[PDB]
>>> print(open('query.cif').read())   # mmCIF, C-alpha atoms and all ligand atoms
data_work
loop_
_atom_site.group_PDB
_atom_site.id
_atom_site.type_symbol
_atom_site.label_atom_id
_atom_site.label_comp_id
_atom_site.auth_asym_id
_atom_site.auth_seq_id
_atom_site.Cartn_x
_atom_site.Cartn_y
_atom_site.Cartn_z
ATOM 1 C CA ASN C 44 -56.264 -29.143 -9.352
ATOM 2 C CA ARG C 45 -54.496 -25.692 -9.607
ATOM 3 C CA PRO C 46 -54.163 -24.301 -13.194
ATOM 4 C CA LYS C 47 -50.953 -24.478 -15.255
ATOM 5 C CA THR C 48 -50.040 -20.760 -15.402
ATOM 6 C CA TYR C 49 -46.243 -20.597 -15.736
ATOM 7 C CA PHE C 50 -45.168 -20.875 -19.366
ATOM 8 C CA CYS C 51 -41.731 -21.873 -20.668
ATOM 9 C CA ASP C 52 -40.466 -19.140 -22.968
ATOM 10 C CA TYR C 53 -37.753 -20.809 -25.061
ATOM 11 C CA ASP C 54 -38.012 -21.127 -28.840
ATOM 12 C CA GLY C 55 -39.936 -24.320 -29.785
ATOM 13 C CA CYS C 56 -40.945 -25.281 -26.178
ATOM 14 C CA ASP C 57 -44.695 -25.808 -25.455
ATOM 15 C CA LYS C 58 -44.797 -26.579 -21.718
ATOM 16 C CA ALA C 59 -46.733 -24.857 -18.938
ATOM 17 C CA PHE C 60 -46.441 -25.713 -15.221
ATOM 18 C CA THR C 61 -48.380 -25.258 -11.970
ATOM 19 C CA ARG C 62 -45.742 -23.649 -9.646
ATOM 20 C CA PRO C 63 -42.646 -21.589 -10.590
ATOM 21 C CA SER C 64 -39.979 -23.871 -9.062
ATOM 22 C CA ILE C 65 -41.151 -26.690 -11.394
ATOM 23 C CA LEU C 66 -40.832 -24.398 -14.443
ATOM 24 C CA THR C 67 -37.258 -23.771 -13.279
ATOM 25 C CA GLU C 68 -36.542 -27.485 -12.844
ATOM 26 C CA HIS C 69 -37.704 -27.945 -16.465
ATOM 27 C CA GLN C 70 -35.664 -25.013 -17.764
ATOM 28 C CA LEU C 71 -32.383 -25.965 -16.092
ATOM 29 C CA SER C 72 -32.816 -29.673 -16.993
ATOM 30 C CA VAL C 73 -34.045 -29.491 -20.638
ATOM 31 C CA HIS C 74 -32.881 -26.143 -22.049
ATOM 32 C CA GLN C 75 -29.672 -25.321 -20.090
ATOM 33 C CA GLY C 76 -28.442 -28.965 -19.840
ATOM 34 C CA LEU C 77 -27.635 -29.156 -16.088
ATOM 35 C CA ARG C 78 -28.537 -31.869 -13.467
ATOM 36 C CA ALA C 79 -28.491 -31.833 -9.647
ATOM 37 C CA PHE C 80 -27.965 -35.418 -8.324
ATOM 38 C CA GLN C 81 -24.835 -37.537 -9.210
ATOM 39 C CA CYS C 82 -24.355 -41.368 -8.922
ATOM 40 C CA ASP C 83 -21.666 -42.377 -6.386
ATOM 41 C CA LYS C 84 -20.852 -45.610 -8.318
ATOM 42 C CA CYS C 85 -20.952 -44.575 -12.034
ATOM 43 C CA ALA C 86 -20.813 -41.477 -14.309
ATOM 44 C CA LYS C 87 -24.631 -40.818 -14.618
ATOM 45 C CA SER C 88 -26.670 -37.958 -13.060
ATOM 46 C CA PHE C 89 -30.382 -37.249 -12.414
ATOM 47 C CA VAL C 90 -32.975 -34.396 -12.323
ATOM 48 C CA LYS C 91 -34.801 -35.432 -9.079
ATOM 49 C CA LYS C 92 -34.021 -36.950 -5.634
ATOM 50 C CA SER C 93 -36.403 -39.869 -6.352
ATOM 51 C CA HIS C 94 -34.533 -40.627 -9.617
ATOM 52 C CA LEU C 95 -31.125 -40.794 -7.874
ATOM 53 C CA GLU C 96 -32.754 -42.977 -5.185
ATOM 54 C CA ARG C 97 -33.921 -45.471 -7.845
ATOM 55 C CA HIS C 98 -30.541 -45.486 -9.538
ATOM 56 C CA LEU C 99 -28.693 -46.145 -6.227
ATOM 57 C CA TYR C 100 -30.569 -49.465 -5.785
ATOM 58 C CA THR C 101 -29.246 -50.634 -9.224
ATOM 59 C CA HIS C 102 -25.705 -50.856 -7.746
ATOM 60 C CA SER C 103 -26.896 -53.261 -4.956
ATOM 61 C CA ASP C 104 -28.190 -56.830 -4.360
ATOM 62 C CA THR C 105 -30.675 -55.856 -1.546
ATOM 63 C CA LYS C 106 -33.258 -54.491 -4.047
ATOM 64 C CA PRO C 107 -36.286 -52.869 -2.318
ATOM 65 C CA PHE C 108 -39.216 -54.890 -3.771
ATOM 66 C CA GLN C 109 -39.107 -58.718 -3.352
ATOM 67 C CA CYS C 110 -41.228 -61.301 -5.229
ATOM 68 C CA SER C 111 -44.090 -63.044 -3.346
ATOM 69 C CA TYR C 112 -43.744 -66.272 -5.436
ATOM 70 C CA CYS C 113 -40.075 -66.867 -6.434
ATOM 71 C CA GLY C 114 -38.341 -64.307 -4.137
ATOM 72 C CA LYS C 115 -36.483 -62.453 -6.996
ATOM 73 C CA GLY C 116 -35.593 -58.797 -6.196
ATOM 74 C CA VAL C 117 -36.768 -55.717 -8.221
ATOM 75 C CA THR C 118 -36.511 -51.893 -7.818
ATOM 76 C CA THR C 119 -40.095 -50.596 -8.377
ATOM 77 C CA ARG C 120 -43.741 -51.796 -8.186
ATOM 78 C CA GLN C 121 -44.215 -51.862 -12.011
ATOM 79 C CA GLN C 122 -41.304 -54.324 -12.398
ATOM 80 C CA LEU C 123 -42.740 -56.393 -9.496
ATOM 81 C CA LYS C 124 -46.269 -56.498 -10.987
ATOM 82 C CA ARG C 125 -45.081 -57.535 -14.494
ATOM 83 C CA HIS C 126 -42.727 -60.161 -13.016
ATOM 84 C CA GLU C 127 -45.410 -61.568 -10.650
ATOM 85 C CA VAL C 128 -47.931 -61.691 -13.540
ATOM 86 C CA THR C 129 -45.535 -64.224 -15.196
ATOM 87 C CA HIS C 130 -46.375 -66.404 -12.112
ATOM 88 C CA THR C 131 -50.068 -66.448 -13.263
ATOM 89 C CA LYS C 132 -52.227 -68.066 -16.021
ATOM 90 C CA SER C 133 -52.227 -64.663 -17.763
ATOM 91 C CA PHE C 134 -53.053 -65.500 -21.430
ATOM 92 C CA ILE C 135 -56.588 -66.400 -22.739
ATOM 93 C CA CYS C 136 -57.792 -68.138 -25.969
ATOM 94 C CA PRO C 137 -58.862 -65.196 -28.274
ATOM 95 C CA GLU C 138 -61.069 -67.438 -30.514
ATOM 96 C CA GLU C 139 -64.897 -67.350 -30.211
ATOM 97 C CA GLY C 140 -66.348 -69.095 -27.090
ATOM 98 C CA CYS C 141 -63.195 -71.232 -26.460
ATOM 99 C CA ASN C 142 -62.628 -71.642 -22.694
ATOM 100 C CA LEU C 143 -58.842 -72.298 -22.230
ATOM 101 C CA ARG C 144 -56.150 -70.216 -20.424
ATOM 102 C CA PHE C 145 -52.293 -70.362 -20.567
ATOM 103 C CA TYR C 146 -49.084 -69.461 -18.659
ATOM 104 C CA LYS C 147 -46.519 -68.737 -21.442
ATOM 105 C CA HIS C 148 -47.599 -67.000 -24.682
ATOM 106 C CA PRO C 149 -46.083 -69.654 -27.071
ATOM 107 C CA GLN C 150 -48.485 -72.209 -25.481
ATOM 108 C CA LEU C 151 -51.475 -70.080 -26.593
ATOM 109 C CA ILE G 183 -21.871 -16.183 -7.121
ATOM 110 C CA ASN G 184 -19.525 -14.307 -9.537
ATOM 111 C CA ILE G 185 -21.900 -12.439 -11.941
ATOM 112 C CA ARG G 186 -18.974 -11.499 -14.304
ATOM 113 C CA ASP G 187 -19.017 -15.049 -15.806
ATOM 114 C CA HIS G 188 -22.856 -15.163 -16.230
ATOM 115 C CA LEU G 189 -23.277 -12.098 -18.551
ATOM 116 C CA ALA G 190 -22.823 -14.344 -21.642
ATOM 117 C CA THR G 191 -25.535 -16.731 -20.313
ATOM 118 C CA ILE G 192 -27.972 -13.812 -19.763
ATOM 119 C CA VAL G 193 -27.555 -12.681 -23.421
ATOM 120 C CA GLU G 194 -27.802 -16.253 -24.811
ATOM 121 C CA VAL G 195 -30.932 -16.991 -22.679
ATOM 122 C CA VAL G 196 -32.687 -13.823 -23.934
ATOM 123 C CA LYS G 197 -31.469 -14.688 -27.497
ATOM 124 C CA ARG G 198 -33.113 -18.156 -27.168
ATOM 125 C CA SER G 199 -36.421 -16.754 -25.730
ATOM 126 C CA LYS G 200 -39.569 -16.639 -28.012
ATOM 127 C CA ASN G 201 -39.411 -13.556 -30.278
ATOM 128 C CA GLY G 202 -36.233 -12.364 -28.407
ATOM 129 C CA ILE G 203 -38.261 -11.068 -25.372
ATOM 130 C CA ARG G 204 -38.044 -12.184 -21.705
ATOM 131 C CA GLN G 205 -39.674 -10.774 -18.524
ATOM 132 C CA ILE G 206 -36.905 -9.516 -16.149
ATOM 133 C CA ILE G 207 -38.632 -11.043 -13.061
ATOM 134 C CA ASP G 208 -38.961 -14.391 -14.917
ATOM 135 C CA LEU G 209 -35.290 -14.232 -16.038
ATOM 136 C CA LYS G 210 -34.179 -13.766 -12.380
ATOM 137 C CA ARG G 211 -36.385 -16.791 -11.511
ATOM 138 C CA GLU G 212 -34.814 -19.003 -14.228
ATOM 139 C CA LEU G 213 -31.176 -18.368 -13.239
ATOM 140 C CA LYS G 214 -32.228 -18.691 -9.512
ATOM 141 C CA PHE G 215 -30.876 -15.221 -8.657
ATOM 142 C CA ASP G 216 -34.054 -14.944 -6.462
ATOM 143 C CA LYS G 217 -32.568 -16.960 -3.474
ATOM 144 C CA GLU G 218 -30.860 -13.871 -1.856
ATOM 145 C CA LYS G 219 -31.208 -10.000 -2.147
ATOM 146 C CA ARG G 220 -27.394 -10.095 -2.769
ATOM 147 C CA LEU G 221 -28.012 -12.128 -5.977
ATOM 148 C CA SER G 222 -31.011 -9.908 -6.919
ATOM 149 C CA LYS G 223 -28.867 -6.733 -6.839
ATOM 150 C CA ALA G 224 -26.163 -8.419 -8.930
ATOM 151 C CA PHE G 225 -28.746 -9.475 -11.559
ATOM 152 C CA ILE G 226 -30.479 -6.023 -11.825
ATOM 153 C CA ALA G 227 -27.058 -4.391 -12.253
ATOM 154 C CA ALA G 228 -26.079 -6.902 -14.979
ATOM 155 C CA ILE G 229 -29.339 -6.303 -16.943
ATOM 156 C CA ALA G 230 -28.800 -2.523 -16.680
ATOM 157 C CA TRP G 231 -25.173 -2.807 -17.860
ATOM 158 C CA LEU G 232 -26.147 -4.965 -20.880
ATOM 159 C CA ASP G 233 -28.789 -2.286 -21.703
ATOM 160 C CA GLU G 234 -26.317 0.634 -21.348
ATOM 161 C CA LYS G 235 -23.649 -1.217 -23.444
ATOM 162 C CA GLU G 236 -26.432 -1.930 -26.032
ATOM 163 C CA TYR G 237 -26.362 -5.785 -25.982
ATOM 164 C CA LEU G 238 -30.049 -5.805 -24.806
ATOM 165 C CA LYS G 239 -32.883 -3.177 -24.607
ATOM 166 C CA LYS G 240 -35.236 -2.679 -21.644
ATOM 167 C CA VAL G 241 -38.769 -2.501 -23.093
ATOM 168 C CA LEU G 242 -42.288 -2.301 -21.779
ATOM 169 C CA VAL G 243 -45.228 -4.338 -23.003
ATOM 170 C CA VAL G 244 -48.695 -2.990 -22.022
ATOM 171 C CA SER G 245 -51.832 -5.053 -21.265
ATOM 172 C CA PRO G 246 -54.278 -4.136 -24.147
ATOM 173 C CA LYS G 247 -57.114 -3.875 -21.533
ATOM 174 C CA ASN G 248 -55.127 -2.144 -18.720
ATOM 175 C CA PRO G 249 -52.497 0.639 -19.267
ATOM 176 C CA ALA G 250 -51.267 0.324 -15.610
ATOM 177 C CA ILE G 251 -50.446 -3.433 -16.040
ATOM 178 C CA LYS G 252 -47.187 -3.201 -17.980
ATOM 179 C CA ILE G 253 -44.407 -5.798 -18.081
ATOM 180 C CA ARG G 254 -40.688 -4.959 -17.691
ATOM 181 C CA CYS G 255 -38.901 -7.074 -20.365
ATOM 182 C CA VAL G 256 -35.458 -7.401 -21.983
ATOM 183 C CA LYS G 257 -35.189 -7.477 -25.799
ATOM 184 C CA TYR G 258 -32.179 -9.101 -27.530
ATOM 185 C CA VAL G 259 -29.947 -6.791 -29.694
ATOM 186 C CA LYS G 260 -26.393 -8.208 -30.324
ATOM 187 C CA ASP G 261 -23.994 -10.934 -29.127
ATOM 188 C CA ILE G 262 -21.273 -10.473 -26.455
ATOM 189 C CA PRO G 263 -17.837 -10.679 -28.223
ATOM 190 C CA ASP G 300 -44.958 -4.664 -10.709
ATOM 191 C CA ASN G 301 -43.185 -7.904 -9.557
ATOM 192 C CA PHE G 302 -45.964 -10.393 -10.582
ATOM 193 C CA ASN G 303 -44.912 -13.152 -13.039
ATOM 194 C CA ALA G 304 -46.552 -12.087 -16.316
ATOM 195 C CA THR G 305 -45.680 -15.169 -18.435
ATOM 196 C CA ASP G 306 -49.500 -15.613 -18.343
ATOM 197 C CA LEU G 307 -50.183 -12.179 -19.912
ATOM 198 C CA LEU G 308 -47.464 -12.656 -22.574
ATOM 199 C CA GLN G 309 -49.567 -15.583 -24.004
ATOM 200 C CA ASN G 310 -52.296 -13.193 -25.332
ATOM 201 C CA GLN G 311 -52.038 -11.167 -28.574
ATOM 202 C CA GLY G 312 -50.348 -8.529 -26.266
ATOM 203 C CA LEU G 313 -48.674 -6.616 -29.209
ATOM 204 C CA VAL G 314 -48.390 -3.255 -27.300
ATOM 205 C CA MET G 315 -44.562 -3.146 -27.174
ATOM 206 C CA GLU G 316 -42.769 0.127 -26.211
ATOM 207 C CA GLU G 317 -38.968 0.693 -26.350
ATOM 208 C CA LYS G 318 -37.835 2.966 -23.448
ATOM 209 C CA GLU G 319 -36.458 6.454 -24.280
ATOM 210 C CA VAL G 326 -50.042 14.717 -12.043
ATOM 211 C CA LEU G 327 -53.657 15.934 -11.833
ATOM 212 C CA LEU G 328 -53.908 17.162 -8.195
ATOM 213 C CA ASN G 329 -56.299 20.165 -8.114
ATOM 214 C CA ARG G 330 -55.745 22.367 -4.983
ATOM 215 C CA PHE G 331 -59.225 23.966 -4.803
ATOM 216 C CA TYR G 332 -61.653 20.985 -4.612
ATOM 217 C CA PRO G 333 -61.337 18.407 -1.730
ATOM 218 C CA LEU G 334 -59.606 15.039 -2.421
ATOM 219 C CA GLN G 335 -62.939 13.193 -1.941
ATOM 220 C CA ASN G 336 -64.512 14.900 -4.967
ATOM 221 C CA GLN G 337 -61.357 14.262 -7.061
ATOM 222 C CA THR G 338 -61.372 10.477 -6.625
ATOM 223 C CA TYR G 339 -65.148 10.596 -7.245
ATOM 224 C CA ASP G 340 -64.770 12.572 -10.505
ATOM 225 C CA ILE G 341 -62.141 10.192 -12.001
ATOM 226 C CA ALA G 342 -64.123 7.126 -10.780
ATOM 227 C CA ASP G 343 -67.144 8.615 -12.646
ATOM 228 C CA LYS G 344 -65.261 9.757 -15.827
ATOM 229 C CA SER G 345 -63.696 6.262 -16.126
ATOM 230 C CA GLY G 346 -67.242 4.883 -16.808
ATOM 231 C CA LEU G 347 -68.835 1.417 -16.424
ATOM 232 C CA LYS G 348 -65.368 -0.274 -16.658
ATOM 233 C CA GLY G 349 -64.365 1.438 -13.344
ATOM 234 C CA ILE G 350 -60.801 2.394 -12.334
ATOM 235 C CA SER G 351 -58.133 0.577 -10.238
ATOM 236 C CA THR G 352 -56.592 2.125 -7.062
ATOM 237 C CA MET G 353 -53.193 2.041 -8.837
ATOM 238 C CA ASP G 354 -54.664 4.225 -11.651
ATOM 239 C CA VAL G 355 -56.295 6.687 -9.185
ATOM 240 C CA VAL G 356 -53.167 7.194 -7.009
ATOM 241 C CA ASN G 357 -50.810 7.429 -9.989
ATOM 242 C CA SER N 164 -55.793 -27.905 -57.287
ATOM 243 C CA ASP N 165 -52.586 -25.966 -56.513
ATOM 244 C CA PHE N 166 -50.249 -26.550 -53.537
ATOM 245 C CA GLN N 167 -52.169 -25.292 -50.463
ATOM 246 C CA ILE N 168 -50.407 -23.570 -47.567
ATOM 247 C CA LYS N 169 -52.139 -23.078 -44.195
ATOM 248 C CA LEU N 170 -51.632 -19.702 -42.475
ATOM 249 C CA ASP N 171 -54.004 -20.324 -39.480
ATOM 250 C CA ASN N 172 -51.065 -20.212 -37.022
ATOM 251 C CA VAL N 173 -48.696 -17.670 -38.731
ATOM 252 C CA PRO N 174 -48.643 -14.436 -36.605
ATOM 253 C CA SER N 175 -48.449 -11.794 -39.388
ATOM 254 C CA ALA N 176 -51.098 -13.604 -41.485
ATOM 255 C CA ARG N 177 -53.489 -13.504 -38.493
ATOM 256 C CA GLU N 178 -52.826 -9.756 -38.059
ATOM 257 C CA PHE N 179 -53.508 -9.188 -41.820
ATOM 258 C CA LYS N 180 -56.710 -11.337 -41.902
ATOM 259 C CA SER N 181 -58.043 -9.722 -38.695
ATOM 260 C CA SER N 182 -57.422 -6.178 -40.165
ATOM 261 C CA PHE N 183 -57.431 -5.955 -44.001
ATOM 262 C CA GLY N 184 -59.866 -8.927 -44.247
ATOM 263 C CA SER N 185 -62.278 -7.955 -41.401
ATOM 264 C CA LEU N 186 -62.312 -4.161 -41.962
ATOM 265 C CA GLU N 187 -62.708 -3.677 -38.168
ATOM 266 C CA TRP N 188 -61.606 -0.106 -37.341
ATOM 267 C CA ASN N 189 -60.203 -1.000 -33.872
ATOM 268 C CA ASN N 190 -57.961 -3.614 -35.510
ATOM 269 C CA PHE N 191 -57.041 -1.372 -38.479
ATOM 270 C CA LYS N 192 -55.864 1.508 -36.184
ATOM 271 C CA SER N 193 -53.911 -0.930 -33.987
ATOM 272 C CA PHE N 194 -52.316 -2.341 -37.162
ATOM 273 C CA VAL N 195 -51.251 0.974 -38.826
ATOM 274 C CA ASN N 196 -50.098 2.472 -35.503
ATOM 275 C CA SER N 197 -47.786 -0.601 -35.234
ATOM 276 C CA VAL N 198 -46.243 -0.186 -38.737
ATOM 277 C CA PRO N 199 -42.850 1.558 -38.135
ATOM 278 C CA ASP N 200 -42.428 4.997 -39.828
ATOM 279 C CA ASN N 201 -39.030 3.645 -41.040
ATOM 280 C CA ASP N 202 -37.618 0.128 -40.407
ATOM 281 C CA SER N 203 -34.176 -0.113 -38.735
ATOM 282 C CA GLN N 204 -33.875 -3.957 -38.857
ATOM 283 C CA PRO N 205 -35.210 -5.047 -42.320
ATOM 284 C CA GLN N 206 -32.647 -7.907 -42.098
ATOM 285 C CA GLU N 207 -34.278 -9.497 -38.952
ATOM 286 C CA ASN N 208 -37.265 -11.862 -38.520
ATOM 287 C CA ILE N 209 -40.757 -10.233 -38.366
ATOM 288 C CA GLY N 210 -41.391 -12.268 -35.181
ATOM 289 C CA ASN N 211 -39.189 -9.751 -33.293
ATOM 290 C CA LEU N 212 -41.944 -7.104 -33.947
ATOM 291 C CA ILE N 213 -45.082 -9.318 -33.586
ATOM 292 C CA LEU N 214 -44.895 -10.456 -29.924
ATOM 293 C CA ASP N 215 -48.006 -12.831 -29.921
ATOM 294 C CA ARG N 216 -47.184 -16.248 -28.318
ATOM 295 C CA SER N 217 -50.690 -17.856 -28.503
ATOM 296 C CA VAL N 218 -49.390 -19.467 -31.747
ATOM 297 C CA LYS N 219 -46.651 -22.153 -31.879
ATOM 298 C CA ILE N 220 -43.969 -21.034 -34.402
ATOM 299 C CA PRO N 221 -40.199 -21.880 -34.567
ATOM 300 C CA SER N 222 -37.768 -18.904 -34.729
ATOM 301 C CA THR N 223 -36.290 -20.540 -37.876
ATOM 302 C CA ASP N 224 -39.554 -19.488 -39.663
ATOM 303 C CA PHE N 225 -39.364 -15.960 -41.144
ATOM 304 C CA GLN N 226 -43.180 -15.887 -41.710
ATOM 305 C CA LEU N 227 -42.535 -15.636 -45.454
ATOM 306 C CA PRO N 228 -45.967 -15.303 -47.151
ATOM 307 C CA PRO N 229 -46.792 -17.861 -49.965
ATOM 308 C CA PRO N 230 -46.899 -17.106 -53.773
ATOM 309 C CA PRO N 231 -50.244 -16.870 -55.717
ATOM 310 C CA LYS N 232 -49.323 -19.793 -58.022
ATOM 311 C CA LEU N 233 -46.903 -22.603 -57.066
ATOM 312 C CA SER N 234 -47.758 -25.238 -59.720
ATOM 313 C CA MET N 235 -46.943 -23.411 -62.994
ATOM 314 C CA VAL N 236 -48.787 -26.206 -64.886
ATOM 315 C CA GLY N 237 -52.418 -27.319 -64.312
ATOM 316 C CA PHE N 238 -51.856 -30.863 -65.648
ATOM 317 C CA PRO N 239 -49.239 -33.455 -64.624
ATOM 318 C CA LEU N 240 -45.956 -33.350 -66.570
ATOM 319 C CA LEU N 241 -44.778 -36.288 -68.702
ATOM 320 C CA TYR N 242 -41.856 -37.666 -66.624
ATOM 321 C CA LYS N 243 -42.839 -41.381 -67.004
ATOM 322 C CA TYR N 244 -39.447 -42.371 -65.448
HETATM 323 ZN ZN ZN W 401 -39.188 -25.436 -22.082
HETATM 324 ZN ZN ZN W 402 -24.653 -45.233 -10.985
HETATM 325 ZN ZN ZN W 403 -40.515 -63.336 -8.298
HETATM 326 ZN ZN ZN W 404 -59.537 -71.999 -28.032
#
>>> encode(input="query.cif", output="structure tokens")
Amino acid sequence: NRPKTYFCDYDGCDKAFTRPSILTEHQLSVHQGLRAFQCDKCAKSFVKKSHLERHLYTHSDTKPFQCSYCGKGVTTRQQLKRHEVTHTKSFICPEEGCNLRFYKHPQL
Amino acid sequence: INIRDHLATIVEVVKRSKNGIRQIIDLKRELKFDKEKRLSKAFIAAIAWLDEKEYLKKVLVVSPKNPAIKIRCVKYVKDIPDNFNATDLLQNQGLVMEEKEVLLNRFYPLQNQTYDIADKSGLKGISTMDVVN
Amino acid sequence: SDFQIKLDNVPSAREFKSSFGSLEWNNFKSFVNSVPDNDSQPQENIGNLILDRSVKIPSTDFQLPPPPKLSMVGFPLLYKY
């Protein structure tokens, strides 16, 4: 919506941003080499609250997305969708007019 | 925040800026010295000191289409041993760099004086900041 | 054909083309008025003078203009390994 009208000034940086706090998040993270959210359970650190929140689940068994078929736990919707698509007849015969459909790619 | 440690960072940040130029308001914004007037005062003093000690140079840049829209910027010089963000305007050709070193007529009423400069300025008009200044 | 170098996004080349190539008087005055009467930093990169950021250029590039003949031979040499 609103136009990108805050330009990073550093040598060899191309980026422009919508609102000045975001330009500052970029500058402190990329160019100065500082981060604002530390893991309690390992050495790593993160640039956003949502990124530390994802990393915190990785230290735990009670992972926040749970499979509808097998009940395996995962941390975000992309992982869930890819995993659940393995519980489907995903693959299709690529050859002309052939009707068949398959569950594991080596079968196809 | 102890500004005495940050002077090296201010010189290195300006040194790493495109063509060695950075807007002073944008530099305050990067280091987050904008959170409190206490931090603002510390930053303005530091920039002035680096200018006086000749590590940096305060310079103006002038909008090629508007002499009143000028940008306060710091220019890099050597290593340590009006408030609108203009990072938009600095994207143009904008080559009007300037390193740093009243018309009031008693007899005619003020009405006619603003009229005369608003006329003499032509079809491009004049801004209130030009008229007052 | 000789080695070809593209100057489309080199700041000083754009200033030269738009002045000495165009013959536009507004551009020519702006250009000569910008040439220093004497140069105090002939050791530093020309980018420090030419502020224009509309062009992507690394500060490792001194905007060195290219020679009029790079291939000193018009035909391939006989290396043959
Ligand atoms: Zn950047
Ligand atoms: Zn961790
Ligand atoms: Zn599952
Ligand atoms: Zn088939």
>>> closest_residue(input="query.cif", among="N:218, N:208, N:197, N:189", to="residue 174 (chain N)", atoms="all atoms listed in the file")
N:218
>>> interface_residues(input="query.cif", of="chain N", to="chain C", cutoff="8 Å", atoms="all atoms listed in the file", output="VMD selection string")
chain N and resid 219 to 222
>>> resolve_selection(input="query.cif", expression="the PyMOL selection byres ((chain G) within 7 of (chain N))", output="number ranges by chain")
G: 201-202, 308-313
>>> resolve_selection(input="query.cif", expression="the PyMOL selection byres (((not hetatm)) within 12 of (chain W and resi 401))", output="MDAnalysis selection string")
(chainID C and resid 49:60 65:76) or (chainID G and resid 195 198:200 212)
>>> atom_distance(input="query.cif", atom1="CA of residue 317 (chain G)", atom2="CA of residue 244 (chain G)")
11.3 Å
>>> interface_residues(input="query.cif", of="chain G", to="chain C", cutoff="12 Å", atoms="only C-alpha atoms", output="ChimeraX atom specification")
/G:191-192,194-205,207-217,302-309
>>> closest_residue(input="query.cif", among="C:124, C:132, C:87, C:148", to="ligand ZN 403 (chain W)", atoms="all atoms listed in the file")
C:124
>>> closest_residue(input="query.cif", among="C:135, C:151, C:141, C:99", to="ligand ZN 404 (chain W)", atoms="only C-alpha atoms and all ligand atoms")
C:141
>>> closest_residue(input="query.cif", among="N:226, N:207, N:199, N:187", to="residue 175 (chain N)", atoms="only C-alpha atoms")
N:226
>>> closest_atom_pairs(input="query.cif", of="chain C", to="ligand ZN 402 (chain W)", cutoff="8 Å", atoms="all atoms listed in the file", output="CSV")
residue,atom,partner,partner_atom,distance
C:81,CA,W:ZN402,ZN,7.9
C:82,CA,W:ZN402,ZN,4.4
C:83,CA,W:ZN402,ZN,6.2
C:84,CA,W:ZN402,ZN,4.7
C:85,CA,W:ZN402,ZN,3.9
C:86,CA,W:ZN402,ZN,6.3
C:87,CA,W:ZN402,ZN,5.7
C:88,CA,W:ZN402,ZN,7.8
C:98,CA,W:ZN402,ZN,6.1
C:99,CA,W:ZN402,ZN,6.3
C:101,CA,W:ZN402,ZN,7.3
C:102,CA,W:ZN402,ZN,6.6
>>> residues_near_point(input="query.cif", point="(-27.0, -11.7, -7.9)", cutoff="12 Å", atoms="all atoms listed in the file", output="PyMOL selection string")
chain G and resi 183-189+209-211+213-229
>>> residues_near_ligand(input="query.cif", ligand="ligand ZN 403 (chain W)", cutoff="10 Å", atoms="only C-alpha atoms and all ligand atoms", output="MDAnalysis selection string")
chainID C and resid 108:117 122:130
>>> residues_near_ligand(input="query.cif", ligand="ligand ZN 404 (chain W)", cutoff="10 Å", atoms="all atoms listed in the file", output="compact mmCIF listing (two decimals) with C-alpha atoms, in the frame of the given file")
# COMPACT_ATOMS: atom_id res chain seq x y z
CA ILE C 135 -56.59 -66.40 -22.74
CA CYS C 136 -57.79 -68.14 -25.97
CA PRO C 137 -58.86 -65.20 -28.27
CA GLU C 138 -61.07 -67.44 -30.51
CA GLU C 139 -64.90 -67.35 -30.21
CA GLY C 140 -66.35 -69.10 -27.09
CA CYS C 141 -63.20 -71.23 -26.46
CA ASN C 142 -62.63 -71.64 -22.69
CA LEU C 143 -58.84 -72.30 -22.23
CA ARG C 144 -56.15 -70.22 -20.42
CA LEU C 151 -51.48 -70.08 -26.59
>>> resolve_selection(input="query.cif", expression="the PyMOL selection byres (((chain G and resi 300) around 8) and not hetatm)", output="list in words")
residues 251, 252, 253, 301 and 302 of chain G
>>> write_last_selection(input="query.cif", atoms="C-alpha atoms", output="PDB file, keeping the file's coordinate frame")
ATOM      1  CA  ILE G 251     -50.446  -3.433 -16.040  1.00  0.00           C
ATOM      2  CA  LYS G 252     -47.187  -3.201 -17.980  1.00  0.00           C
ATOM      3  CA  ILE G 253     -44.407  -5.798 -18.081  1.00  0.00           C
ATOM      4  CA  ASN G 301     -43.185  -7.904  -9.557  1.00  0.00           C
ATOM      5  CA  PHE G 302     -45.964 -10.393 -10.582  1.00  0.00           C
TER       6      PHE G 302
END
>>> atom_distance(input="query.cif", atom1="CA of residue 326 (chain G)", atom2="CA of residue 356 (chain G)")
9.6 Å
>>> atom_distance(input="query.cif", atom1="CA of residue 329 (chain G)", atom2="CA of residue 357 (chain G)")
14.0 Å
>>> axis_aligned_box(input="query.cif", around="region 252-307 of chain G", padding_each_side="6 Å", output="JSON")
{"center_x": -34.0, "center_y": -9.4, "center_z": -19.9, "size_x": 44.3, "size_y": 24.4, "size_z": 32.8}
>>> residues_around(input="query.cif", residues="residue 118 (chain C)", least_positions_apart="6", cutoff="7 Å", atoms="all atoms listed in the file", output="count of residues only")
5
>>> decode(input="query.cif", residues="region 227-239 of chain N", atoms="C-alpha atoms", output="mmCIF file, in the first residue's frame")
data_model
loop_
_atom_site.group_PDB
_atom_site.id
_atom_site.type_symbol
_atom_site.label_atom_id
_atom_site.label_comp_id
_atom_site.auth_asym_id
_atom_site.auth_seq_id
_atom_site.Cartn_x
_atom_site.Cartn_y
_atom_site.Cartn_z
ATOM 1 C CA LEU N 227 38.125 5.301 -13.881
ATOM 2 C CA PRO N 228 37.181 6.056 -17.529
ATOM 3 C CA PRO N 229 38.058 3.337 -20.171
ATOM 4 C CA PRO N 230 40.905 3.551 -22.805
ATOM 5 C CA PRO N 231 40.172 4.161 -26.561
ATOM 6 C CA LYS N 232 41.738 0.818 -27.598
ATOM 7 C CA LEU N 233 41.966 -2.248 -25.314
ATOM 8 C CA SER N 234 42.691 -5.013 -27.874
ATOM 9 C CA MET N 235 46.010 -3.863 -29.418
ATOM 10 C CA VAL N 236 45.502 -6.482 -32.189
ATOM 11 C CA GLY N 237 42.453 -6.769 -34.507
ATOM 12 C CA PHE N 238 42.941 -10.507 -35.176
ATOM 13 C CA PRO N 239 43.300 -13.390 -32.692
#
